[PDB]
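In: Experimental structure and sequence below, a few questions after.
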Amino acid sequence: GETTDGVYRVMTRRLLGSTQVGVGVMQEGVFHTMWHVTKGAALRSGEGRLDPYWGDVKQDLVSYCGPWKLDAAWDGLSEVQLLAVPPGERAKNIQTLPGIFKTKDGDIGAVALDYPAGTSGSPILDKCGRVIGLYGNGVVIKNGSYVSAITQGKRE
Amino acid sequence: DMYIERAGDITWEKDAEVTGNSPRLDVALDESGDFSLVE
Ligand SMILES: CS(=O)(=O)c1cccc2cccnc12
Ligand SMILES: CS(=O)(=O)c1cccc2cccnc12
């Protein structure tokens, strides 16, 4: 399979034609995506197979071939970039200053950007190109627009 | 049956389109991993 580091589209042939259900990140031999994209199903990569290794529905994350590797964090002050990979469209970087989701368990960065559902799992990066989280789990605010959490896992 | 296709490198791009606001929202996270607004 293609093991090269980078951003990848997650496709399915179960529905009409080939549909893009999400996006993920390959890093240090592990594929990182959101749980709601694959539900933990096995993934095909050329002639090779990717099997889930860790997953958690509450964090909405899943890693394949190994443990979660992404551990960078938003510094709470700087602008970031969403490396959006929309269905049938080329990868595009979009710069934004994250907002905040305030919860009873602490604060999490949030990105107010609206993209098709099949863009879920696109990485959010800092100025050093480090993945600080994935786009795709959030809320619809008072006017209909979408706001995503910057969802990051834990490197054990 | 799901499959992956490479879409690009992960790199910061100088002079990318700058957009989106920074809302501060009170949210709740349920056991199913769904976020909701708190008022
Ligand atoms: C393979 S595993 O036990 O690490 C796992 C975890 C969470 C969710 C999963 C969904 C489908 C398959 N497997 C899943
Ligand atoms: C309401 S929804 O969850 O289908 C949705 C809407 C708008 C934008 C979205 C971006 C990513 C994932 N989902 C998105």
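Out: Yep, it's here. Residues are numbered from 1 along each chain as shown, chains lettered A, B, ... in the order given. Ligands and ions are numbered 1, 2, ... in the order given.

In: contacts, neighbours, all on C-alpha from now
Out: Noted.

In: Helix, strand, or coil at the closest residue to residue A:7 other than its chain neighbours?
Out: In space, and not counting its chain neighbours, residue A:7 is closest to residue A:25: 4.7 Å by Cα to Cα, 6 or more residues apart in numbering or on different chains. When classified by DSSP: H, G, I helix; E, B strand; the rest coil, residue A:25 comes out as strand.

In: so what's residue A:25 up against?
Out: By Cα atoms under 8 Å, 6 or more residues apart in numbering or on different chains, the residues touching residue A:25 are A:5-8, A:31-33, A:121-123.

In: what about 10 Å?
Out: Residues counted as contacts of residue A:25 (Cα atoms under 10 Å, 6 or more residues apart in numbering or on different chains) are A:5-9, A:31-33, A:63, A:70, A:121-123, A:131, A:134, B:6-10.

In: count of neighbours near residue 17?
Out: Answering for chain A, as no chain was given. Residues lying near residue A:17 (other Cα atoms under 10 Å in any protein chain shown) number 8.

In: that's the wrong chain, I meant chain B
Out: By the other Cα under 10 Å criterion, the neighbourhood of residue B:17 contains 12 residues.

In: List the residues that contact it.
Out: A:81, A:92-96.

In: of those, buried ones?
Out: Buried positions within those, assessed by neighbour count (16 or more other Cα atoms under 10 Å in any protein chain shown), are A:81, A:93-96.

In: Now the residue nearest the centre of chain A: closest residue in space, sequence neighbours ignored.
Out: With distances taken as Cα atoms, centre = their mean, chain A has residue A:121 as the residue nearest its mean C-alpha position (2.2 Å). Nearest non-adjacent residue to residue A:121, counting by Cα to Cα, 6+ apart: residue A:23, 4.5 Å away.

In: Which residues are in contact with that neighbour?
Out: A:7-11, A:32-34, A:37-38, A:84-87, A:118-123, A:134-136, B:4-7.

In: Which members of those residues occur in helices, if any?
Out: Filtering the contacts of residue A:23 for membership in helices, criterion DSSP state H, returns A:37-38.

In: So which residues on chain A come close to ligand 1?
Out: If contacts are counted using Cα under 6 Å from any ligand atom, the residues of chain A sitting beside ligand 1 are A:39-41, A:52-56.

In: Beta-bridge partners for residue A:101, please?
Out: The bridge-partner assignment for residue A:101, based on DSSP bridges, gives residue A:108, residue B:25.

In: Count the neighbours of it for me.
Out: Neighbour count for residue A:101, taken as other Cα under 10 Å: 25.

In: swap in residue A:58?
Out: Each residue near residue A:58 was counted by other Cα under 10 Å, and the total is 14.

In: do you know how far it is from residue A:48?
Out: Plainly put, residue A:58 is 29 Å away from residue A:48 if you go by Cα to Cα, to the nearest Å.

In: hmm, back to that, now the residues of chain A next to ligand 1 as TSV including secondary structure?
Out: Written out in TSV, the entries for the residues of chain A next to ligand 1 read as follows (three-state DSSP):
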residue	secondary structure
A:39	coil
A:40	coil
A:41	coil
A:52	strand
A:53	strand
A:54	strand
A:55	strand
A:56	strand
